[PDB]
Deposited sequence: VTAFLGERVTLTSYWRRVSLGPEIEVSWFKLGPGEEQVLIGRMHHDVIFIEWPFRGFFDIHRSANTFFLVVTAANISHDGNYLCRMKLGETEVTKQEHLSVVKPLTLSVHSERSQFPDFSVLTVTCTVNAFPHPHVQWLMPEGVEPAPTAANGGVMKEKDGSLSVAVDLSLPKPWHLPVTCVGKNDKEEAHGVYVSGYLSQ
């Protein structure tokens, strides 16, 4: 499933076949490296307990034979693989679900003339912030953010006479924006 940052989102699991609902002992885990398990919460007979680190971040519920992991507001740490362990008696079945969290890209353009040796060089900067894959490219004719998003910036230095307009292509997988520097202040 794909969620955008801040959106409610849901993963689901079910046992089989097996149609036994509230009798199944359900636990959901967030998977780390290399598939290391961190318990989010447990459900049995429609009594649910969320572990304190995930409280308000995740909930669990049942509808018939389907088990739900709900993410109240997706953030970038929530990206990746989850494990639903379903247990009846001394028997057990696990299912893996994937959540893709996507921060829509922000494309910024800004320019700055040189200050030494003279003021004749226009450096145009193009910045893409996004998740998972920001990408930046100039046409002529990197950093980790507090929220876990990634920023990339590229400078184009332009000797006089300035090759204006220049177009910046920002991408986040299939998402794309352009930034066009058209003319200088002077």
Which deposited-sequence positions, grouped into ranges, are missing C-alpha coordinates? 142 to 154, 200 to 201
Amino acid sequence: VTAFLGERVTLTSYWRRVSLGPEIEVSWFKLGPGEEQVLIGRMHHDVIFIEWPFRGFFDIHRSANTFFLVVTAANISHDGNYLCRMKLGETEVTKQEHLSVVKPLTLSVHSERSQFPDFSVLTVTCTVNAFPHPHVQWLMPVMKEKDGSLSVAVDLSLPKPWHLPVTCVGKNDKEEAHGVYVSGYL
From here on, numbers count along this sequence of modelled residues.
173 to 181 versus 10 to 18: which one carries the higher mean Cα B factor per the record? 10 to 18
Quick check on the record: does 152 to 160 or 113 to 121 carry the larger mean Cα temperature factor? 152 to 160
Temperature factor at the Cα of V142, chain-ranked in thirds, falls in the highest
How does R85 rank on Cα B-factor within its chain, lowest, middle or highest third? middle
What third of the chain does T106 rank in for C-alpha temperature factor, lowest, middle or highest? lowest
Chain-relative CA temperature factor third for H45: highest
By the entry's values, the third containing the CA B factor of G56 is the highest
